[PDB]
Amino acid sequence: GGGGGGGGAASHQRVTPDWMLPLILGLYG
Amino acid sequence: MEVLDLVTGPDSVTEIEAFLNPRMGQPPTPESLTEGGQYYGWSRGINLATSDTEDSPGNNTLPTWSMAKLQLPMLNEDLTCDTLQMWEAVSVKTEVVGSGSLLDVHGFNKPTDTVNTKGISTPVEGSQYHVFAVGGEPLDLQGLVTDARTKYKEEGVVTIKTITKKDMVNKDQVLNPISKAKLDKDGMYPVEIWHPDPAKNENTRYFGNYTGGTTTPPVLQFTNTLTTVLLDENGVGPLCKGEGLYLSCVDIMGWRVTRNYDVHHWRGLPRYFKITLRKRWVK
Amino acid sequence: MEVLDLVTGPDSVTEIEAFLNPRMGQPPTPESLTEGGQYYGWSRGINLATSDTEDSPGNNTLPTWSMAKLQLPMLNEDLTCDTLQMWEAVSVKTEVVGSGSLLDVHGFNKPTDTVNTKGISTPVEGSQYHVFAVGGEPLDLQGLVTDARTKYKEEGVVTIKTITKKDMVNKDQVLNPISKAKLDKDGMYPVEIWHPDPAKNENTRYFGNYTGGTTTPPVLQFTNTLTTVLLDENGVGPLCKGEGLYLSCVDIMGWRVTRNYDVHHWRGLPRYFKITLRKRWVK
Amino acid sequence: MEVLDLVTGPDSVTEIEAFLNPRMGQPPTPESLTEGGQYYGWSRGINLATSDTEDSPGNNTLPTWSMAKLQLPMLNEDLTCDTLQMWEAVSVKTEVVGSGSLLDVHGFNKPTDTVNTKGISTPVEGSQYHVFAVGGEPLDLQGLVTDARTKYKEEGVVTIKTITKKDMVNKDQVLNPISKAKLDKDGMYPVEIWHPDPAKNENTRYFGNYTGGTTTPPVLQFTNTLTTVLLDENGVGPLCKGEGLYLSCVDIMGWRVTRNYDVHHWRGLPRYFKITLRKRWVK
Amino acid sequence: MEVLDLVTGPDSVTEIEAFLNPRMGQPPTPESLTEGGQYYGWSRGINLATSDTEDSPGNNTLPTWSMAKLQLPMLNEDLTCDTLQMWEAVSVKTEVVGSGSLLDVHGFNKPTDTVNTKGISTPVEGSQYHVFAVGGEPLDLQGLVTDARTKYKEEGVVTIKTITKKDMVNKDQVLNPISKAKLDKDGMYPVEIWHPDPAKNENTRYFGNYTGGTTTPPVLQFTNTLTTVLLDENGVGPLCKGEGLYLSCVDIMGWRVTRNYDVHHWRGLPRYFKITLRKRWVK
Amino acid sequence: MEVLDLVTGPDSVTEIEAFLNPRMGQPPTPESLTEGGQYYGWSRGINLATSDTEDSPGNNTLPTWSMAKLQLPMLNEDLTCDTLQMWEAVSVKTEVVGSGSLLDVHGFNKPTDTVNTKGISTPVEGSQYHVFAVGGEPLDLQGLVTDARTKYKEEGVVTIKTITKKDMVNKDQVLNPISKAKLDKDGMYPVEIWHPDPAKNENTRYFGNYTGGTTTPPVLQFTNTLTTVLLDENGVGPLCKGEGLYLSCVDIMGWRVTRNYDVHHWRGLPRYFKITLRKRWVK
C-alpha cells in the first residue's frame, strides 16, 4: 500500500530457497 | 573460544524440530472451554488505565515471549581435552502456522455492520509482531517500555522491576543499559517490555518485525521451501554452550474485538522451527 | 529411499497441466443459475454465531481446499528390481486465473453510495488467502482453529473431530500435534481449520500467503513467464510414490457483500498448474 | 517446428514501436468534445444491475482489450525450403504513458469536501488492471465472469455467448475450458470476461497485475531504461508465424466519479511498446 | 554518430552538481513572505471547474517541470576532425531533499480534530509524483490530459495548444502523436499535461513514479550512497550534443489543506543531482 | 588526502558500539515521573499555530537530531610523517530498539471506542522518520522548512536564523544553499528544519526514510544479522579526521494522542550502532 520504509528502519532480512542452500553453504564451511 | 574445523563422519550433522505455542495471556490450563480454556491462543480482555497515573495491565492481557531450550546429543568424553566438539546451528526453517484460521469470520466478534449487527464477524486485525531467535544461550533482553509508571503485577511476570529490585525510571522509556534480562522462562517476559538486546546476543541470531495500527490487515507468508542461514560473517553459527539450543519467538496477529465494549483480545499463532546443526571442533 | 541419477533417453521428461476450480462453498451442481448454481465460484451467505457458545457455520459458507491427484505414465516392469525409476516434479508454472472478472462493478452488490444506492457495485474486497502445493503424496494438514467450540457440521466436511472422533480441545486453537489429516479429498477440508503441516510434507512443496482485513484491496499478478523450482536443497523434487502427483490449492480473493444485511460471500478463483517432471533412478 | 540458430548479417535484427490507445468504452469517434468525444480515454457512466437477475451493462461502460497486429519485414523466398527464417521477439520496452495527467484535481468530479462542495476534484482512484502481451499469434483468452447471468449486449462486444452460441453456464464463474477465444479484435473483448489463457499462449508472453478496491490509490512507474526479455527457458522468444507481431494490453487506472449520483467512469491510459526482433532459422 | 572508445588522460572524467528547486505554481518572487513569497515551494490554492465545460485552472495552481541546462567544459578544437570528443553522462546520484520538513504538524492547516479545531495541523498527503531525467538534449514530452476541454491560460504556461496553435482534440486524452514538445523551459510545462515521450528520448534517461489518492501518506527515501547508472544496453550514456547537460524533474509530495474550504496547495521539494561524466571519442 | 593500503597487524581492526537515545522534546531530566520525566522518549504536547502568521512551536515539541562523537584509539606518533594512519569506518550494524513497547495499548491514550471510552488505548501511529549516519566529521545539514515564517524560539534550538543571524527567507521553503549547518550538538537541531546535505557529506554515509500521514501504521524491522557497508565506490569508508567518529540519527515512530483535545506527542526510539573500523595508511 502507501506507507513504505527502506532506509533507517533496521532493514529486511531474507531467506535462501532450499535448492540454493548448498552453494550458499559451501561458501562458509 | 577458538572455533576450528567442522567435524566429519557419522552423525556430525543433525536436525532438531520444535513448535513453540504462543503465550498471549491465557495459560494452556484450565483446558475447559467454559472455564477460560476457550481463550488459549489469545489474551484475556485488554483492560485500560483508569487515569494517567493508574495503569495496571492484568498479566493475562500481556503477550509474553515463548521460549524453549532443547537438549542436543552429548559430545565430549574428555572435558580437559585441548580440542572439544560443539553443536553449531547452521540454519533454521521456521514457520508461523495457522493464519488460515483467521479466515473464520463467522464467529461472534464485533460485526462489520454495527447498525444492524450483521455482515461478518470482524477478523483479527491490528498490531502485529513477529520475532524469532535461535541461539546457543538464552536470548539477551533489553527492557524499554512505553511508560515507566506502568504498574505491572509483581508476581506472574518478569518485568524490569523484577530484575532491578527497584521501580522503573524515566530512562526505561528509552535505552537504559541497566534494564537487561535473559529470556530464560517461557510465557513470563512481556513483549511490550523486553526486546532483543543488540549490544549482546553474540551467540544468538534474532529477526523481528513490527506493524502497528489498530485495524491494520495481518499479512503472513508460509512455505516449507525457505531456510534462514544462521552463520555469521565468519561462517560460524550459534554454538550450543551446554549443548542446550535456545528457541525464542512471539507471533501476534492482531486483535479480535468483542461485541461488548470493543474488548480486544490479542491473537498469537504457534511457530515451527527445524534447525540443522553440525558438530564443530573448538579449541 | 536412495535417490540416484536422472534417467536419460526418450520420454524421460514430461509435462502435466491441470486447473483446479475453487471450492468456496457452493458445489458445482446444481448448475441451474436459479437454483444455486449462480453461486458456483462463491460461498453461500456467511452466517454468524448467535452467541459466544453457538457458532455453527453452514458447510457451504466455508471455503475448502481444492486438490487433484494426477496419474503419471507407468514406470516399472520389475518392482523387485534393485533400481527403479520414479517421476520427480522439477518445477511448476502456476497461475490464478480471472482476477479481471473482479473488475465487474456493475452488479447488484452493496453500492458504494449507500445514501442514494448509487456509485458502483462494491467489488470483492477483504481477506485473501492463496496457497498451492505440489507433492508426491497428499498434502499433510495440521488443524488449528479460531475457536475449539465452533460447531462444524458432522457431515459434509472433514474437521478435526472427523479425524479424532472426539470434540476439539482448547489446544486446537494453537498447535495440537494430534490434530493432523491428509488433503485426500477435494472440497472437504475447510481452510479455516486445516493448514499445511510444516512438521511433515517432506515430499510436497507448499507456498501460501494470507492478507486479512475486511475491505483490503485484493492484489494479484499473473504471467506465463514464471516458474517455481520444486527441487530441494539436494536438487531433488517431490517424488511420485505411486506415480500419483498431488496438486493442492485455495485462492480466496475476498468477499462480495449484498444489499441485504451486508451478507458476505467468499470469492475464489481457479488455479492453473503446469508441472514439469523427470524420471529419477531410485534405489 | 525446430528452432535453429540466430540469423546473422545485414538487417537480421530490427526494432518495432507502437502505442496502443486504451479502450475504456467510449470509442475514438465522434471526436466532438460535446458529442461524446470528451469521454474518449474513459468509459461512459457505469450503470448498475436493477436486481439480482437484471444486470445489463452498456457496452461503452465495459473496458475491453487493446490489441494491434503489426506487420514485420517479409522473409522467405522459398516456402518449400527445408530451412526458413522467422522473426523472433527478443525483448520489449513498454510503458504506460500519462499518469501525470491524473494530477489534474481541478476538474468537476465529486469534490473532496462534499459538505461545501470544495477541496479538490477527486482524482482517479480505485481498481487498477495492467496487462500486456507480446506474441507471435493472437493472445489466447479464457473467459471467466463474476456472474454467468449477466446480460451482455449481443452486439458490439465479443462475450462467451458470442463464441459458444449458447448462454453462459454456472461453470463460467470458474474455469470452464469451453469458454475460450483469441484476442483478434481491438476494443471488443471485455476485460471483465476475457483473461490470458495459461493453458495456451505457448507463443505469447503476457504479464498482468490487478489491484482492487473502490478508492485505492493508483500507482504507476515509468522509465525508458527497463527491458522485458521475452525469451523462454530455452532462449527462444515469441516467433511471428505469419510475420504478424501481436501486441495486447489493458491499463485501467481506476475511476473518476461525478457530482451526480457518484457515477463512475473508468480511466485508461495508452501503452507504448518497443519490441526488438531478430531473425531465427527454423526447420 | 559512431561512438568509439572512452577518452583517457588528465580531466577525461568530471562531476557536475546541481539542485533544481520545485515549480509548484508560486514563482520564486515576490520574495515577500506577505506578498506571496510565503507560498514558494507550494502551489497557490487549487481552484475547481465551475461546470463540466468550465475548467480554467490558474497557472499558479499547476505544478510544472523543473529543468536546467548545464554547460560542460569545452572539447573540440577541430570541428571538421574525423574524430571528436563528447561528454557522456555515466551516472547520477540524485536526491529529493526536505522530506523531514513535512514533520512540521504544528502549523495552521486543517486540524486533525475538526470538531474542536485541535489535534495536529494535518501534514502534506495525497498524490505524489517523482520524475527525474538526465540527457544530452531537452527531455522530449508527449502531451496527454485528463480533459481536452480544459481551458489552460494561453499565457504563462506551455500547453498543447501553445505547440499546435489549435485547440486540443479528444485524442489528447489518450496518445495523440501530434502533441509533442521539448522541456526547454523551467516552470512552464505543466506536469498534468506533459509526460516523458517513450517514443523519443533516445539520448535521455528518465525515471518516474506516481502515487494517487487524496490522503495517501507520502513516502520518501534519501541516502547519499546510491547511484543510478545512465549507461544503456550498449554501455553508452547520454551524450552532450552541444556540451549542454539537461536535468529535469518534478517532485510532488501531495497537498496541505487549509482551514478555509479545504483549499489544497501542492507541495514540491528540491532535487539534487551529482552527475559523473566522461569524455567519449565519437566518429 | 591520498588513501593508501589497509594497515595490517595487531589491532589494525576495531569495533565501536553505542546507542543514541531519542531527542523528541522532553529532555532526559528532570527524571521525576511527575515533573516531566514521564515524557522522556516523547515530545511534549504539540501546540498549533494560532493563525497563518503566528506559528511558534515550543522547543520541547520539536524532535531534534541525536548525535554522538566517539573517540577512537590514538594513532600517529609523527604528524609530520609522509605517511600516517587513519581509522576508516568499514561497516555498521544498526538497530532501532523498542518497537515491541508500542504494543502497550492498555494506557490512557485516546481510546479506539470514543463513544464509550473503551476499546484499547490507541497505539502510536502517524508520521515516521528514520535516519542514521556514520561519518568522520559532523553530518552536514541543509535547512529547508515548511514555512519560513515559523517563529522558532531563539534559544534552546539551532535553527536557520541561529546560523545566518537573519530571518528565514522564502527560499528556505525550498533549497537555499545559504542555509547550512553541521550536526555538532545532540538534541538541538530540529529534524523538521535540518536535513542531510547531499551536496556535502563526502566523509559521511547517511540513510533515511520518511513515511507521512496522520494514522499511518508504524512498521519496523530489527535483526542482529544485517550489516551496512560504509565503503564508497572506491572501497573507502568514512575516514576519522580527528579520530572522532560521528554517529547521527532520528527515529520517530509517530504520535500517541491523549484523551484531551487530541494532544499529540511524538514517540522516538533509541538506535544502536556497532561500527567496525580498520586502520588505513594515508599520504
# chains A, B, ... in the order shown; residues from 1 in each chain; ligands from 1
call {"tool": "interface_residues", "arguments": {"of": "chain A", "to": "chain C", "cutoff": "7 Å", "atoms": "only C-alpha atoms", "output": "list in words"}}
result
residues 18, 19, 20, 21 and 22 of chain A
call {"tool": "interface_residues", "arguments": {"of": "chain E", "to": "chain F", "cutoff": "6 Å", "atoms": "only C-alpha atoms", "output": "MDAnalysis selection string"}}
result
chainID E and resid 31 37:38 41 98 100:101 103:104 106:108 118:119 217:223 270
call {"tool": "select_by_dssp", "arguments": {"residues": "chain A", "states": "helix (DSSP H, G or I)", "output": "list in words"}}
result
residues 18, 19, 20, 21, 22, 23, 24, 25 and 26 of chain A
call {"tool": "write_last_selection", "arguments": {"atoms": "C-alpha atoms", "output": "PDB file, in the first residue's frame"}}
result
ATOM      1  CA  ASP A  18      16.194 -24.719  -0.407  1.00  0.00           C
ATOM      2  CA  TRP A  19      17.840 -25.798  -3.646  1.00  0.00           C
ATOM      3  CA  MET A  20      20.281 -22.862  -3.435  1.00  0.00           C
ATOM      4  CA  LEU A  21      21.333 -23.993   0.042  1.00  0.00           C
ATOM      5  CA  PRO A  22      24.455 -25.978  -0.942  1.00  0.00           C
ATOM      6  CA  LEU A  23      26.087 -23.118  -2.839  1.00  0.00           C
ATOM      7  CA  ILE A  24      25.352 -20.537  -0.183  1.00  0.00           C
ATOM      8  CA  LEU A  25      26.501 -23.123   2.327  1.00  0.00           C
ATOM      9  CA  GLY A  26      29.711 -24.176   0.593  1.00  0.00           C
TER      10      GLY A  26
END
call {"tool": "atom_distance", "arguments": {"atom1": "CA of residue 276 (chain B)", "atom2": "CA of residue 81 (chain B)"}}
result
26.0 Å
call {"tool": "select_by_dssp", "arguments": {"residues": "region 185-230 of chain C", "states": "strand (DSSP E or B)", "output": "VMD selection string"}}
result
chain C and resid 190 194 to 196 204 to 211 219 to 223 228 to 229
call {"tool": "atom_distance", "arguments": {"atom1": "CA of residue 183 (chain C)", "atom2": "CA of residue 155 (chain C)"}}
result
16.7 Å
call {"tool": "atom_distance", "arguments": {"atom1": "CA of residue 6 (chain F)", "atom2": "CA of residue 281 (chain F)"}}
result
6.0 Å
